[PDB]
Amino acid sequence: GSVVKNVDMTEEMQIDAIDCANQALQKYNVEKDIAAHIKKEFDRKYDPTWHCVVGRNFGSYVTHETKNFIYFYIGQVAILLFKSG
Amino acid sequence: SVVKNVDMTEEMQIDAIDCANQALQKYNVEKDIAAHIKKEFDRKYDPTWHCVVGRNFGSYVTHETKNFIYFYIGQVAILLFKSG
């Protein structure tokens, strides 16, 4: 339960981020694909544009001002999910 | 592997990495490591910064972040951000 989140990431959205991350980790093996599934699901449910990186071997990203985000873990795997640009 | 805001340019990123390396060199406990990075960024780049190191930290709800960097020192995650 170690989480950093924005005030606009309320319980329902946080529960959905955890559920989506669990669904992505259940379905896919490659961390880039896991991240992409979470990003796609949040664009669809909570409107674009979301970005997501999973684990610690991801492509670097320069973001414009984030307006909402959540940083959390599924076991040892970090998930950063944020809305920007 | 870094995610950062456009305002975290190379000099500030270099300082975040150096600060994190200095904190990990000096302190054993991840809460203290994070607090050292936060204190140094408040002093050098003005408050209010917040920092969490590793994956066993106290949760935090932040108001709109205006600058941040997410990066790793080996297997250890560092999230450093300015808000509230």
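In what follows, every chain begins at residue 1, and chains take the letters A, B, ... in the order their sequences are listed. Hydrogens, waters and symmetry mates play no part in the numbers below; they use all other heavy atoms, side chains included.
- In this structure, OG1 in A/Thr66 is found 10.0 Å from CZ in B/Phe81, a value given to the nearest 0.5 Å.
- Contact of A/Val4 with chain B is made through backbone and side chain together, with heavy-atom distances under 4.5 Å.
- Taking NE2 from A/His64 and CG from B/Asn5, the interatomic distance works out to 8.5 Å, rounded to the nearest 0.5 Å.
- Residue contact with chain A, scored on non-hydrogen atoms closer than 4.5 Å, involves the backbone and the side chain of B/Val3 alike.
- When ring centroids are compared, A/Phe58 and B/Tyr70 come within the 6.0 Å threshold.
- Between B/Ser59 and A/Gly1, the closest heavy-atom pair is OG-O, 2.9 Å.
- B/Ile69 contributes atom CD1, which lies 12.5 Å from atom OG1 of A/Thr63 (distance to the nearest 0.5 angstrom).
- Atom OG in B/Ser1 sits 9.5 Å away from atom CD in A/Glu31 (nearest 0.5 Å).
- Of the inter-residue distances, the one linking A/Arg56 atom CZ with B/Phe71 atom CZ reads 15.0 Å to the nearest 0.5 angstrom.
- For B/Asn56, the CG atom counts as loosely surrounded, since its 6.0 Å shell holds 12 or fewer non-hydrogen atoms of other residues, nucleotides or ligands.
- Heavy atoms of B/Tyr72 lying under 4.5 Å from chain A belong exclusively to its side chain.
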- Worked check of side chain to side chain contact (heavy atoms under 4.5 Å, CB included) between A/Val3 and B/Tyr60: CA-CA 7 Å; A/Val3 176; B/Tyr60 187 73; over 6 Å; no
